[PDB]
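Next up is one chain by itself, shown in structure tokens, the form deposited in one PDB entry.
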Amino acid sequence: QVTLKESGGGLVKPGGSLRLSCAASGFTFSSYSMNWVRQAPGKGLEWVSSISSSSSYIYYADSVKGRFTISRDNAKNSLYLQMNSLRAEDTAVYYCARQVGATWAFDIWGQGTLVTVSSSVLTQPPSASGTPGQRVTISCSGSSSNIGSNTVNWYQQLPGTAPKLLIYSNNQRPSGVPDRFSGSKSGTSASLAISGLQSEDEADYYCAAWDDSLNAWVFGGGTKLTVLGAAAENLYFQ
């Protein structure tokens, strides 16, 4: 059973500190780069930090540089995030995610831990909709330094759950993702097409790519896909 389990969240006053932990089980933890990704309510996924398998290479989002420190203890199968100078804007569910070596896709996500602090470079449409059976395509616009230099990943987030990897390496599907989902990339843009739309596809979809100029991951703001009513099969005139 390959799992990630976060802990350490809670209610903290602005300016306070908190240390998060993420316990890995069911795989060789020391073989993988690891990430922290957070999300505020009704907002998009925001990448926070990553650390290489042997800790040599660390990266931070500009929003947290100097305040947060990532670390790991391979002997304890644990990832950590020491958070200092917390602000209301840091309130979010914090997820840890495992990164695949060859593709950089975040293939396993934890369940999240809630941090409450109280007393997007990629462009995606905020909304998309279709009726069951229609094909819906959503785009993700970037630039030379991100989509123009690296592969695109897509994540599906069913309402109130952790994201899951949907597409990696621009157009590849992990096991379990149906062939109704397909990814494409052209120039500095990418798209996700969902053929034969089903009610179960109602979710938020996020594109992500590494940005060579920022030395950080960039996530799109997310597209909320609504699956509308089936639409009249039978009409009547009198």
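Note that residue numbering begins at 1 and tracks the sequence as displayed.
Keep in mind that the form deposited with a partner chain bound is not shown, yet the notes after this line are about it.
Taking heavy atoms and a 4.5 Å cut-off, does residue 170 contact the partner chain in the bound PDB entry? No, residue 170 stays farther than 4.5 Å from the partner chain in the bound PDB entry.
Please determine whether residue 59 contacts the partner chain in the bound PDB entry, using a 4.5 Å cut-off between heavy atoms. Yes, residue 59 lies within 4.5 Å of the partner chain in the bound PDB entry.
Determine whether any heavy atom of residue 212 comes within 4.5 Å of a heavy atom of the partner chain in the bound PDB entry, and answer yes or no. Result yes; residue 212 sits at the interface with the partner chain in the bound PDB entry.
Using 4.5 Å between non-hydrogen atoms, is residue 126 touching the partner chain in the bound PDB entry? Residue-level check for residue 126: no, no contact with the partner chain.
Pick the stretch from 191-199, 172-180, 60-68, 27-35 whose residues have a heavy atom within 4.5 Å of the partner chain in the bound PDB entry. Heavy-atom contact with the partner occurs in 27-35.
With the partner chain left out of view, choose which of 88, 75, 114, 102 has a non-hydrogen atom within 4.5 angstroms of it in the bound PDB entry. Result of the distance check: 102.
Partner-contacting position among 134, 149, 84, 120 - heavy atom within 4.5 Å of the partner chain in the bound PDB entry: Contact residue from the list: 149.
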